[PDB]
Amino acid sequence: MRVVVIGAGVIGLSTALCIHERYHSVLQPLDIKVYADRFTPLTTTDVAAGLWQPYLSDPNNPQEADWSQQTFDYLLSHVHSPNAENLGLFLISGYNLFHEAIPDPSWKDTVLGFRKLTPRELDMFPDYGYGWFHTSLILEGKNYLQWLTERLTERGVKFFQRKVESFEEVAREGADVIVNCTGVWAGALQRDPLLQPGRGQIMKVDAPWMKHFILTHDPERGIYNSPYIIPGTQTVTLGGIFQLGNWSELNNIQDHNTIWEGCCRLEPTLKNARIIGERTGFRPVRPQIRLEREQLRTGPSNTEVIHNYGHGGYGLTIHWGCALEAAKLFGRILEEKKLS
């Protein structure tokens, strides 16, 4: 069978890998190709810090809770494997700061060592009066993506750089299944008004003395829109920008300053941190992830489509559970073709 994955961000490469893993032994030939117009260094995925953390509150689809946790559990089980620095996976503890009390997150038990911040800890952060501490996981995109590529390449999965203009063009080329993992740009293949960009900007800084993450929460500013600091392997991520509908892939001076001054306020030690880089990206915002099947009509033959996009600011957090769900959908397609 001929499978075409459109997209080479986390969702794409993940799904690809997941499908190949689970079906390659059971499909006559399983021919999987990845089509993407941008690869690693240049994806939204490579701009992400990679911190595992879902939305605070119980969503539209609570199946997303399950997917985030399946991912957490999966990563945690390879955190101590000699392979982990190749996937850019490591454990990290830190703070969630709020101006007043709030309910414990659903995922409070998924993470390691969840607890409420003590007063002496809150004294370190004058502007916030309540919060949490826990241990979570960081999966760095730049690495993860490269890791995924290597696995895929070894499994015979071929990569092509191209902008796909239509599902039809791909089907007409003889794809049996199109897995659509196109992120913020999915609407160009099939209009989806519920999908929009959540523009972000981040700074990368040399501040290696920083061992914890600090995420602030501000109802006035909203999700992803208040100061955060997330230490990584080579560099500390400074962020706090969320701009719905903004399609400008250009670093903005005002946003730079907003990030810089919010983070320096959050942690004064930052003031002399050397700036290494700055990047913008597009969160594929949507009320729900679209993870589902669809048969495209096109010709005497109908083409099977697995949509897998709209993962907002929690795509690394959620990717594995989605990838496995995408894999079940594929297996169902096979059971229909009576190909297993």
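The numbering used is simple: start at 1 and walk along the sequence shown. Superpose the two forms; the largest set of C-alphas matching within 1.5 Å is the rigid core.
- The rigid core fit leaves 213 to 221 as the farther-lying stretch in 7 other deposited structures of this protein, judged by Cα positions and set against 228 to 236 and 213 to 221.
- Stretch comparison (97 to 105 versus 238 to 246) by mean CA B-factor in the PDB entry places 97 to 105 on top.
- A summary of the deposited B-factors shows that, of 55 to 63 and 310 to 318, the stretch with the larger mean C-alpha value is 55 to 63.
- Reading the B-factor column for the CA atoms of 198, 231, 183, 126 in the entry, the top value corresponds to 126.
- You'll see in the entry that, of 142, 134, 204, 211, the Cα B factor peaks at 142.
- Remark: residue 281 belongs to the lowest third of its chain, ranked by C-alpha B-factor as recorded.
- Among the modelled residues of its chain, residue 304 has a C-alpha B-factor that falls in the highest third, as given in the PDB entry.
- The PDB entry assigns residue 287 a C-alpha temperature factor belonging to the middle third of its chain's modelled residues.
- Sort the chain's modelled residues by C-alpha temperature factor and residue 33 lands in the middle third, per the entry.
- Sort the chain's modelled residues by C-alpha temperature factor and residue 89 lands in the lowest third, per the entry.
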